[PDB]
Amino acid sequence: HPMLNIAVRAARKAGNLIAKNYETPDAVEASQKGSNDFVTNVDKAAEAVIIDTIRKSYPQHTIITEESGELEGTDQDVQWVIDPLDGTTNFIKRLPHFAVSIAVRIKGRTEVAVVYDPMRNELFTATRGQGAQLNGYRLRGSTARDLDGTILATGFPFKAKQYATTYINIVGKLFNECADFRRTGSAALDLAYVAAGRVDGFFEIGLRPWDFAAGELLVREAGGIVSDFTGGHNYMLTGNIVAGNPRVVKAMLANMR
């Protein structure tokens, strides 16, 4: 795919910049969008690289990014949904777990996806109908058949703490069944880890379209399922995400019911 090629180039170019800013934390300094949500010059500098790169082969495509909103082009049938740095808190604390997320949707259907870990040099790619890969290895997800002994990735609603006590409950009910959780601070990498089988499932409240647009396709092409907290497909409206293989999502949702 020609569009997959461009996405990997922009992801790798932006990943190279983010990495170098990590090993040389000379000029990084933050800025507060919301309570406990931050922006850095490295976010916008890597965002500029992604836009620039996309726009030498397709600057007529609409580009939707977290930091600049919708920047529509002439061809509105194709839309790049970009997260320049998923895991900004981790980056500021110099916790080396973050990634570049790039998704392409064609008239409302995601065709390609890229999640790139610059610190580990791990490249997750997906193409619709053509499977999902990690550095050239096809991903099949987790062979888990129930919630017994499962490791579940998740995130806390530090952007929507009005649902704090609701989230705490859901964790305990799941903890009553599952073995452990993982809280990594990167939703894109959490979804990539579900598709790779490094964890068994994922759930978070109120994600943002660019947080999961690429990661959702990784899970689906690894044989997985994505849904909202009530089993429906209206998570593009809500940002309430449940992801995993069919039985786990099944068992996860039954526990949630």
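Numbering starts at 1 and runs along the sequence shown.
Visitor: Could you check the entry and say whether 157 to 165 or 84 to 92 has the higher mean CA B-factor?
Guide: According to the entry, 157 to 165 carries the higher average C-alpha B-factor.
Visitor: When the C-alpha temperature factors are averaged for each of 72 to 80 and 111 to 119, which stretch ends up with the higher value in the entry?
Guide: Comparing 72 to 80 with 111 to 119, the higher average CA B-factor belongs to 72 to 80.
Visitor: Looking at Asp211, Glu216, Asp190, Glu29, which one carries the largest C-alpha B-factor according to the PDB entry?
Guide: The record points to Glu29.
Visitor: Give the position of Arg9 by CA B-factor within its chain, expressed as the lowest, middle or highest third.
Guide: Lowest third - that is where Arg9 ends up once the chain's C-alpha B-factors are sorted.
Visitor: Place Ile102 in the lowest, middle or highest third of its chain's C-alpha B-factors, as listed in the PDB entry.
Guide: CA B-factor rank for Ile102: lowest third.
Visitor: Mind checking which third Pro59 falls in for C-alpha B-factor across the chain?
Guide: Answer is highest: the recorded C-alpha B-factor places it there.
Visitor: Within this chain's modelled residues, let me know which third the CA B factor of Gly201 belongs to: lowest, middle or highest.
Guide: Its C-alpha B-factor, which the entry lists for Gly201, ranks in the lowest third among residues of this chain.
Visitor: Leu152: which third of its chain by C-alpha temperature factor?
Guide: For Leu152, whose C-alpha B-factor we compare with every modelled residue in the chain, the answer is the lowest third.
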